[PDB]
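Structure file my_file11.cif with mmCIF, C-alpha atoms:
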data_coords
#
loop_
_atom_site.group_PDB
_atom_site.id
_atom_site.type_symbol
_atom_site.label_atom_id
_atom_site.label_comp_id
_atom_site.auth_asym_id
_atom_site.auth_seq_id
_atom_site.Cartn_x
_atom_site.Cartn_y
_atom_site.Cartn_z
ATOM 1 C CA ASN H 1 -18.590 27.602 -9.204
ATOM 2 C CA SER H 2 -19.016 25.404 -6.032
ATOM 3 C CA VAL H 3 -16.862 22.311 -5.516
ATOM 4 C CA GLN H 4 -19.642 20.025 -6.627
ATOM 5 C CA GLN H 5 -20.167 21.914 -9.863
ATOM 6 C CA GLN H 6 -16.475 21.904 -10.539
ATOM 7 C CA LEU H 7 -16.228 18.159 -10.068
ATOM 8 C CA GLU H 8 -19.297 17.530 -12.304
ATOM 9 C CA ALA H 9 -17.719 19.606 -15.043
ATOM 10 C CA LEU H 10 -14.416 17.775 -14.726
ATOM 11 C CA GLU H 11 -16.162 14.397 -14.920
ATOM 12 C CA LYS H 12 -18.227 15.511 -17.907
ATOM 13 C CA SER H 13 -15.276 16.749 -19.978
ATOM 14 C CA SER H 14 -13.176 13.729 -18.967
ATOM 15 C CA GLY H 15 -15.686 11.314 -20.433
ATOM 16 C CA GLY H 16 -15.707 8.993 -17.415
ATOM 17 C CA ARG H 17 -16.992 8.411 -13.900
ATOM 18 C CA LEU H 18 -15.241 10.089 -10.964
ATOM 19 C CA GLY H 19 -15.621 9.248 -7.293
ATOM 20 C CA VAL H 20 -14.150 11.482 -4.537
ATOM 21 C CA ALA H 21 -14.259 11.391 -0.759
ATOM 22 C CA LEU H 22 -12.343 13.930 1.340
ATOM 23 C CA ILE H 23 -12.442 13.763 5.158
ATOM 24 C CA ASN H 24 -11.168 16.810 7.013
ATOM 25 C CA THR H 25 -10.138 15.408 10.414
ATOM 26 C CA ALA H 26 -10.227 18.842 12.127
ATOM 27 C CA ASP H 27 -14.080 18.811 12.190
ATOM 28 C CA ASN H 28 -14.938 15.470 10.427
ATOM 29 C CA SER H 29 -16.455 17.425 7.607
ATOM 30 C CA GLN H 30 -16.609 15.622 4.264
ATOM 31 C CA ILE H 31 -16.599 16.513 0.584
ATOM 32 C CA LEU H 32 -18.302 13.694 -1.399
ATOM 33 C CA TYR H 33 -18.868 13.028 -5.123
ATOM 34 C CA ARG H 34 -20.331 9.625 -6.107
ATOM 35 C CA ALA H 35 -18.891 8.492 -2.774
ATOM 36 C CA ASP H 36 -21.560 5.795 -2.386
ATOM 37 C CA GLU H 37 -20.829 4.129 -5.746
ATOM 38 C CA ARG H 38 -18.624 1.047 -6.294
ATOM 39 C CA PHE H 39 -15.344 1.349 -8.195
ATOM 40 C CA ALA H 40 -12.693 -1.208 -8.890
ATOM 41 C CA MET H 41 -9.896 -0.708 -6.373
ATOM 42 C CA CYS H 42 -7.102 -2.164 -8.528
ATOM 43 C CA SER H 43 -3.796 -1.925 -6.619
ATOM 44 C CA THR H 44 -5.148 0.416 -3.965
ATOM 45 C CA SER H 45 -6.260 -2.872 -2.368
ATOM 46 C CA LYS H 46 -2.600 -3.593 -1.540
ATOM 47 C CA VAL H 47 -2.963 -1.315 1.511
ATOM 48 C CA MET H 48 -5.520 -3.727 3.073
ATOM 49 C CA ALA H 49 -3.315 -6.762 2.517
ATOM 50 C CA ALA H 50 -0.299 -5.046 4.083
ATOM 51 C CA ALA H 51 -2.415 -3.831 7.005
ATOM 52 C CA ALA H 52 -3.812 -7.356 7.616
ATOM 53 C CA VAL H 53 -0.226 -8.630 8.071
ATOM 54 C CA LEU H 54 0.622 -5.719 10.382
ATOM 55 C CA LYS H 55 -2.419 -6.647 12.471
ATOM 56 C CA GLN H 56 -1.077 -10.197 12.837
ATOM 57 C CA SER H 57 2.289 -8.823 13.963
ATOM 58 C CA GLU H 58 0.603 -7.175 16.984
ATOM 59 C CA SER H 59 0.427 -10.615 18.649
ATOM 60 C CA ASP H 60 3.429 -12.306 17.006
ATOM 61 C CA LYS H 61 6.772 -10.474 17.531
ATOM 62 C CA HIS H 62 8.689 -12.586 15.035
ATOM 63 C CA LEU H 63 6.292 -12.418 12.085
ATOM 64 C CA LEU H 64 7.613 -9.456 10.102
ATOM 65 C CA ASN H 65 11.096 -10.951 10.021
ATOM 66 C CA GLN H 66 9.853 -14.320 8.749
ATOM 67 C CA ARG H 67 11.540 -15.136 5.398
ATOM 68 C CA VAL H 68 9.777 -16.069 2.137
ATOM 69 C CA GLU H 69 11.580 -17.671 -0.808
ATOM 70 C CA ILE H 70 11.240 -15.931 -4.185
ATOM 71 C CA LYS H 71 11.385 -18.433 -7.097
ATOM 72 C CA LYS H 72 11.257 -17.625 -10.841
ATOM 73 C CA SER H 73 7.762 -19.240 -10.810
ATOM 74 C CA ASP H 74 6.419 -16.587 -8.358
ATOM 75 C CA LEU H 75 6.890 -13.661 -10.738
ATOM 76 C CA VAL H 76 3.735 -12.320 -12.444
ATOM 77 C CA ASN H 77 3.652 -9.232 -14.711
ATOM 78 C CA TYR H 78 5.110 -6.278 -12.657
ATOM 79 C CA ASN H 79 7.671 -7.224 -9.978
ATOM 80 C CA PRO H 80 10.366 -4.515 -9.816
ATOM 81 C CA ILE H 81 11.605 -5.540 -6.333
ATOM 82 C CA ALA H 82 10.882 -9.287 -6.221
ATOM 83 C CA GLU H 83 12.789 -9.900 -9.487
ATOM 84 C CA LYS H 84 15.926 -8.546 -7.733
ATOM 85 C CA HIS H 85 15.599 -11.367 -5.139
ATOM 86 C CA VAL H 86 14.912 -14.405 -7.331
ATOM 87 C CA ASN H 87 16.307 -17.576 -5.749
ATOM 88 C CA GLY H 88 16.695 -15.359 -2.636
ATOM 89 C CA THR H 89 14.434 -14.542 0.291
ATOM 90 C CA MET H 90 12.412 -11.556 1.422
ATOM 91 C CA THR H 91 10.904 -10.913 4.857
ATOM 92 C CA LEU H 92 7.198 -10.191 5.228
ATOM 93 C CA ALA H 93 8.185 -6.596 6.123
ATOM 94 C CA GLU H 94 10.124 -6.270 2.882
ATOM 95 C CA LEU H 95 7.144 -7.667 0.936
ATOM 96 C CA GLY H 96 4.845 -5.123 2.619
ATOM 97 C CA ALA H 97 7.188 -2.323 1.664
ATOM 98 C CA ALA H 98 7.582 -3.523 -1.915
ATOM 99 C CA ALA H 99 3.837 -3.993 -2.392
ATOM 100 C CA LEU H 100 3.087 -0.477 -1.234
ATOM 101 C CA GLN H 101 6.013 1.637 -2.344
ATOM 102 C CA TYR H 102 6.574 0.038 -5.801
ATOM 103 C CA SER H 103 3.198 -1.697 -6.261
ATOM 104 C CA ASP H 104 5.074 -4.983 -6.689
ATOM 105 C CA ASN H 105 2.562 -7.646 -7.708
ATOM 106 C CA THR H 106 4.590 -10.619 -6.663
ATOM 107 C CA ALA H 107 4.861 -9.052 -3.215
ATOM 108 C CA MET H 108 1.060 -8.674 -2.981
ATOM 109 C CA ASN H 109 0.388 -12.288 -3.998
ATOM 110 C CA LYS H 110 2.848 -13.572 -1.392
ATOM 111 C CA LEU H 111 1.113 -11.541 1.291
ATOM 112 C CA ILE H 112 -2.246 -12.962 0.244
ATOM 113 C CA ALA H 113 -0.863 -16.500 0.186
ATOM 114 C CA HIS H 114 0.530 -16.007 3.677
ATOM 115 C CA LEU H 115 -2.862 -14.795 4.945
ATOM 116 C CA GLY H 116 -4.705 -17.709 3.353
ATOM 117 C CA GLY H 117 -6.505 -16.049 0.435
ATOM 118 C CA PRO H 118 -8.438 -12.945 -0.622
ATOM 119 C CA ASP H 119 -11.395 -13.870 1.618
ATOM 120 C CA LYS H 120 -9.066 -13.406 4.601
ATOM 121 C CA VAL H 121 -8.365 -9.817 3.536
ATOM 122 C CA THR H 122 -12.113 -9.183 3.285
ATOM 123 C CA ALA H 123 -12.593 -10.623 6.786
ATOM 124 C CA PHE H 124 -9.898 -8.251 8.075
ATOM 125 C CA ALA H 125 -11.761 -5.315 6.553
ATOM 126 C CA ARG H 126 -14.992 -6.461 8.176
ATOM 127 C CA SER H 127 -13.217 -6.576 11.576
ATOM 128 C CA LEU H 128 -12.538 -2.870 11.090
ATOM 129 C CA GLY H 129 -16.174 -2.062 10.492
ATOM 130 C CA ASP H 130 -15.771 -1.814 6.724
ATOM 131 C CA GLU H 131 -18.860 -3.540 5.338
ATOM 132 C CA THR H 132 -18.176 -2.465 1.729
ATOM 133 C CA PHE H 133 -14.657 -3.612 0.804
ATOM 134 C CA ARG H 134 -14.423 -6.907 -0.951
ATOM 135 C CA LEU H 135 -11.368 -8.658 -2.322
ATOM 136 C CA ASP H 136 -12.125 -11.589 -4.642
ATOM 137 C CA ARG H 137 -9.060 -12.212 -6.836
ATOM 138 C CA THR H 138 -5.266 -11.927 -6.824
ATOM 139 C CA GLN H 139 -2.863 -10.066 -9.130
ATOM 140 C CA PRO H 140 -3.039 -9.440 -12.006
ATOM 141 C CA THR H 141 -6.738 -10.319 -12.569
ATOM 142 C CA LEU H 142 -8.107 -8.017 -9.823
ATOM 143 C CA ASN H 143 -7.328 -5.107 -12.362
ATOM 144 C CA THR H 144 -9.964 -6.071 -14.988
ATOM 145 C CA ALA H 145 -12.210 -3.279 -13.639
ATOM 146 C CA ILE H 146 -15.221 -4.337 -15.750
ATOM 147 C CA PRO H 147 -18.132 -1.851 -15.452
ATOM 148 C CA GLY H 148 -20.805 -3.220 -13.114
ATOM 149 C CA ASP H 149 -18.633 -6.098 -11.838
ATOM 150 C CA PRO H 150 -18.781 -6.062 -7.993
ATOM 151 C CA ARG H 151 -15.598 -8.106 -7.609
ATOM 152 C CA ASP H 152 -12.621 -6.306 -6.034
ATOM 153 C CA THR H 153 -14.541 -3.084 -5.426
ATOM 154 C CA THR H 154 -15.265 -0.646 -2.676
ATOM 155 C CA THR H 155 -16.759 2.857 -2.451
ATOM 156 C CA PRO H 156 -14.824 6.155 -2.004
ATOM 157 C CA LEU H 157 -16.457 6.843 1.325
ATOM 158 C CA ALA H 158 -15.827 3.406 2.783
ATOM 159 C CA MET H 159 -12.216 3.495 1.725
ATOM 160 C CA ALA H 160 -11.722 7.046 3.086
ATOM 161 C CA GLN H 161 -13.134 5.967 6.480
ATOM 162 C CA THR H 162 -11.027 2.810 6.561
ATOM 163 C CA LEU H 163 -7.823 4.632 5.514
ATOM 164 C CA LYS H 164 -8.439 7.203 8.288
ATOM 165 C CA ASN H 165 -8.942 4.384 10.803
ATOM 166 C CA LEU H 166 -5.781 2.615 9.606
ATOM 167 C CA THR H 167 -3.415 5.606 9.522
ATOM 168 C CA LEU H 168 -4.770 7.980 12.145
ATOM 169 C CA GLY H 169 -7.307 5.995 14.181
ATOM 170 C CA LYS H 170 -8.101 2.851 16.150
ATOM 171 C CA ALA H 171 -7.427 0.060 13.676
ATOM 172 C CA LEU H 172 -3.800 -0.771 14.422
ATOM 173 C CA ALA H 173 -1.641 -0.493 17.510
ATOM 174 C CA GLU H 174 0.808 2.422 17.486
ATOM 175 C CA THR H 175 3.969 0.715 16.228
ATOM 176 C CA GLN H 176 2.063 -0.932 13.397
ATOM 177 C CA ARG H 177 0.156 2.279 12.577
ATOM 178 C CA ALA H 178 3.473 4.139 12.354
ATOM 179 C CA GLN H 179 4.960 1.464 10.103
ATOM 180 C CA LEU H 180 2.044 1.651 7.682
ATOM 181 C CA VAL H 181 2.319 5.456 7.542
ATOM 182 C CA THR H 182 6.056 5.167 6.895
ATOM 183 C CA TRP H 183 5.449 2.842 3.960
ATOM 184 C CA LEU H 184 2.759 5.120 2.427
ATOM 185 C CA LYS H 185 4.949 8.208 2.756
ATOM 186 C CA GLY H 186 7.724 6.390 0.909
ATOM 187 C CA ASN H 187 5.551 5.595 -2.106
ATOM 188 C CA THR H 188 7.395 6.090 -5.438
ATOM 189 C CA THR H 189 4.426 5.779 -7.889
ATOM 190 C CA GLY H 190 2.189 8.747 -7.057
ATOM 191 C CA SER H 191 4.061 11.866 -8.247
ATOM 192 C CA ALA H 192 1.574 12.684 -11.027
ATOM 193 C CA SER H 193 -1.645 11.763 -9.101
ATOM 194 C CA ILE H 194 -3.054 13.451 -5.940
ATOM 195 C CA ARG H 195 0.399 14.805 -4.945
ATOM 196 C CA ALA H 196 0.562 16.876 -8.162
ATOM 197 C CA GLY H 197 -2.589 18.762 -7.215
ATOM 198 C CA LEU H 198 -1.379 19.869 -3.770
ATOM 199 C CA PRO H 199 1.068 22.440 -2.406
ATOM 200 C CA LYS H 200 4.536 21.075 -2.727
ATOM 201 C CA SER H 201 5.381 21.422 0.976
ATOM 202 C CA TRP H 202 2.512 19.219 2.263
ATOM 203 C CA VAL H 203 3.495 15.712 3.307
ATOM 204 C CA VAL H 204 1.564 12.957 1.534
ATOM 205 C CA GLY H 205 1.350 9.214 1.976
ATOM 206 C CA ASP H 206 -0.499 7.479 -0.846
ATOM 207 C CA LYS H 207 -1.175 4.299 -2.772
ATOM 208 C CA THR H 208 -2.014 4.363 -6.498
ATOM 209 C CA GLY H 209 -3.775 1.841 -8.603
ATOM 210 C CA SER H 210 -4.520 1.509 -12.290
ATOM 211 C CA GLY H 211 -6.158 -1.062 -14.450
ATOM 212 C CA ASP H 212 -8.321 -1.693 -17.496
ATOM 213 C CA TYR H 213 -11.154 0.624 -18.530
ATOM 214 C CA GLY H 214 -8.664 3.466 -17.984
ATOM 215 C CA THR H 215 -9.257 2.937 -14.254
ATOM 216 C CA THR H 216 -6.994 5.313 -12.338
ATOM 217 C CA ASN H 217 -7.067 5.500 -8.523
ATOM 218 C CA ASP H 218 -5.156 7.082 -5.618
ATOM 219 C CA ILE H 219 -5.806 7.080 -1.891
ATOM 220 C CA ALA H 220 -3.928 9.464 0.353
ATOM 221 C CA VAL H 221 -3.336 10.794 3.820
ATOM 222 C CA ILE H 222 -2.253 14.466 3.642
ATOM 223 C CA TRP H 223 -0.448 16.431 6.384
ATOM 224 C CA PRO H 224 -0.664 20.174 5.834
ATOM 225 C CA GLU H 225 1.926 22.407 7.472
ATOM 226 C CA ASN H 226 -0.378 24.235 9.963
ATOM 227 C CA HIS H 227 -3.600 22.137 9.875
ATOM 228 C CA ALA H 228 -4.969 18.747 10.873
ATOM 229 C CA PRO H 229 -4.674 15.852 8.377
ATOM 230 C CA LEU H 230 -6.996 15.240 5.430
ATOM 231 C CA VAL H 231 -7.878 11.830 3.990
ATOM 232 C CA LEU H 232 -8.600 11.788 0.233
ATOM 233 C CA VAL H 233 -9.749 9.025 -2.085
ATOM 234 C CA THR H 234 -9.944 9.705 -5.869
ATOM 235 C CA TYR H 235 -11.263 6.952 -8.164
ATOM 236 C CA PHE H 236 -11.802 7.294 -11.882
ATOM 237 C CA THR H 237 -12.901 4.850 -14.552
ATOM 238 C CA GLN H 238 -14.038 5.016 -18.174
ATOM 239 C CA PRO H 239 -16.398 3.180 -20.527
ATOM 240 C CA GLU H 240 -13.878 1.741 -23.020
ATOM 241 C CA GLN H 241 -11.737 -1.239 -22.072
ATOM 242 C CA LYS H 242 -8.556 0.171 -23.677
ATOM 243 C CA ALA H 243 -8.982 3.778 -22.477
ATOM 244 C CA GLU H 244 -5.841 5.568 -21.373
ATOM 245 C CA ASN H 245 -5.165 5.992 -17.658
ATOM 246 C CA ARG H 246 -5.681 9.617 -16.495
ATOM 247 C CA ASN H 247 -3.538 10.450 -13.467
ATOM 248 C CA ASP H 248 -3.974 14.114 -14.425
ATOM 249 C CA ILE H 249 -7.704 13.895 -13.616
ATOM 250 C CA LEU H 250 -6.868 12.776 -10.027
ATOM 251 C CA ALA H 251 -4.450 15.712 -9.681
ATOM 252 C CA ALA H 252 -7.158 18.090 -10.941
ATOM 253 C CA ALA H 253 -9.759 16.668 -8.567
ATOM 254 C CA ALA H 254 -7.360 17.026 -5.637
ATOM 255 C CA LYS H 255 -6.738 20.686 -6.526
ATOM 256 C CA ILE H 256 -10.513 21.366 -6.605
ATOM 257 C CA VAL H 257 -11.337 19.784 -3.237
ATOM 258 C CA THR H 258 -8.356 21.222 -1.353
ATOM 259 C CA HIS H 259 -8.867 24.846 -2.538
ATOM 260 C CA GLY H 260 -9.396 26.408 0.915
ATOM 261 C CA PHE H 261 -7.103 24.335 3.263
#
Please re-express this file's structure in structure tokens.
Amino acid sequence: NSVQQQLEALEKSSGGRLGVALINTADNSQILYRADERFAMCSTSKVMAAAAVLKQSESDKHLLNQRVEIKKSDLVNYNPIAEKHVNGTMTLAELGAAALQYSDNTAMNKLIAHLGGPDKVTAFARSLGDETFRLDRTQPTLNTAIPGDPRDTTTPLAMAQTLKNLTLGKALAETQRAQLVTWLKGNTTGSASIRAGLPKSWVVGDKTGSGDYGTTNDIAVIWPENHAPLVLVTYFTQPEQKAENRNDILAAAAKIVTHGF
């Protein structure tokens, strides 16, 4: 029972398509399963929009405190933080935090509107060397996750490399890097995903995403107690539009690939 065989068996019994990329930053060794295939990102794409705004703040000291007005008209489907500020204002930093830690969709759309559109998020990704990421739509329609649709997709390997560069590497200056890591560590939505497959004392920063076709994603940076960090991307999708989301498959996959660390 090698890792590969265990993942193939998990995928087969699950009835879907699983994509995994683990980077072990101690020796840059990788564990890959369908890591070259495109998957709908769903709300894991919120990390790239928040990071694009942090990049702007490197050269503009006042940006993150800029205020944005929240009107009743700005609310889409899932806005647990923005609805508490209707008629009020939120700073760009508070929108970043809400988008990542609660997956607030109004917060994401405001960040995209500030940047000038989804093509500007793609151009940010390209500036990091990510040739794979593409963002095409806003919330909530970037969650349609139609099989074979290239829109709003990336690959597990590209996203694992980019998330390493963002949280641990060259992509952001130190204060901005640290702020992104703080937001990911504060996530409230990932208890039953990757985190549930790991030892309870490891420190995890993650961003979930779910959508149609039972599409269930999580991307994480993992800090073991006595080892270098690991970056893990788990994507999962299924062939029926109304399939149930399967966070338990992500937890299982994370348990398989971290057996040994």
Worksheet item: Which one is closest to residue H:251: H:94, H:212, H:74, H:218? Count only C-alpha atoms.
Response: H:218
Give one line per residue of stretch 171-261 of chain H that approaches stretch 44-52 of chain H to at most 8 Å, naming the two atoms of the closest pair and their distance in Å to one decimal, counting only C-alpha atoms; sort by chain then ascending residue number and deliver it as a Markdown table.
| residue | atom | partner | partner_atom | distance |
| --- | --- | --- | --- | --- |
| H:180 | CA | H:51 | CA | 7.1 |
| H:207 | CA | H:44 | CA | 5.7 |
| H:208 | CA | H:44 | CA | 5.6 |
| H:209 | CA | H:44 | CA | 5.0 |
| H:217 | CA | H:44 | CA | 7.1 |
| H:218 | CA | H:44 | CA | 6.9 |
| H:219 | CA | H:44 | CA | 7.0 |
Practice prompt. In Å, rounded to a single decimal, give me how far atom CA of residue H:256 is from atom CA of residue H:182.
Written response: 26.8 Å
Discussion item. For a quick check of understanding, using all atoms listed in the file, which of H:203, H:99, H:17, H:33 has the smallest distance to residue H:5?
Written reply: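 When distances to residue H:5 are compared using all atoms listed in the file, the smallest one comes from H:33.
Between residue H:226 and the residues H:85, H:131, H:65, H:201, the shortest atom-to-atom distance, using only C-alpha atoms, involves H:201.
With all atoms listed in the file as the basis for measurement, H:220 is the residue among H:183, H:115, H:191, H:220 that approaches residue H:162 most closely.
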Worksheet item: Please, what distance in Å, to one decimal, runs between atom CA of residue H:227 and atom CA of residue H:101?
Response: 25.7 Å
Worksheet entry | atom CA of residue H:176 to atom CA of residue H:55, distance in Å rounded to a single decimal | 7.3 Å
Worksheet entry | 7 Å contact set for residue H:247, only C-alpha atoms, chain neighbours under 5 positions out, as number ranges by chain | H: 192-193, 216
Quick one: apply the PyMOL selection byres ((chain H and resi 110) around 12) to the file and drop the selected residues here as a short mmCIF file (atom, residue, chain, number, x, y, z; two decimals) with C-alpha atoms, in the coordinates of the input.
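So part26.cif came out as:
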data_model
loop_
_atom_site.label_atom_id
_atom_site.label_comp_id
_atom_site.auth_asym_id
_atom_site.auth_seq_id
_atom_site.Cartn_x
_atom_site.Cartn_y
_atom_site.Cartn_z
CA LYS H 46 -2.60 -3.59 -1.54
CA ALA H 49 -3.32 -6.76 2.52
CA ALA H 50 -0.30 -5.05 4.08
CA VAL H 53 -0.23 -8.63 8.07
CA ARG H 67 11.54 -15.14 5.40
CA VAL H 68 9.78 -16.07 2.14
CA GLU H 69 11.58 -17.67 -0.81
CA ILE H 70 11.24 -15.93 -4.18
CA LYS H 71 11.38 -18.43 -7.10
CA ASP H 74 6.42 -16.59 -8.36
CA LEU H 75 6.89 -13.66 -10.74
CA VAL H 76 3.74 -12.32 -12.44
CA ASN H 79 7.67 -7.22 -9.98
CA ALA H 82 10.88 -9.29 -6.22
CA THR H 89 14.43 -14.54 0.29
CA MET H 90 12.41 -11.56 1.42
CA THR H 91 10.90 -10.91 4.86
CA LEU H 92 7.20 -10.19 5.23
CA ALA H 93 8.18 -6.60 6.12
CA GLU H 94 10.12 -6.27 2.88
CA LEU H 95 7.14 -7.67 0.94
CA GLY H 96 4.84 -5.12 2.62
CA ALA H 98 7.58 -3.52 -1.92
CA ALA H 99 3.84 -3.99 -2.39
CA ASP H 104 5.07 -4.98 -6.69
CA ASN H 105 2.56 -7.65 -7.71
CA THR H 106 4.59 -10.62 -6.66
CA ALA H 107 4.86 -9.05 -3.22
CA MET H 108 1.06 -8.67 -2.98
CA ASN H 109 0.39 -12.29 -4.00
CA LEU H 111 1.11 -11.54 1.29
CA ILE H 112 -2.25 -12.96 0.24
CA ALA H 113 -0.86 -16.50 0.19
CA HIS H 114 0.53 -16.01 3.68
CA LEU H 115 -2.86 -14.80 4.94
CA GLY H 116 -4.70 -17.71 3.35
CA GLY H 117 -6.50 -16.05 0.44
CA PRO H 118 -8.44 -12.94 -0.62
CA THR H 138 -5.27 -11.93 -6.82
CA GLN H 139 -2.86 -10.07 -9.13
#
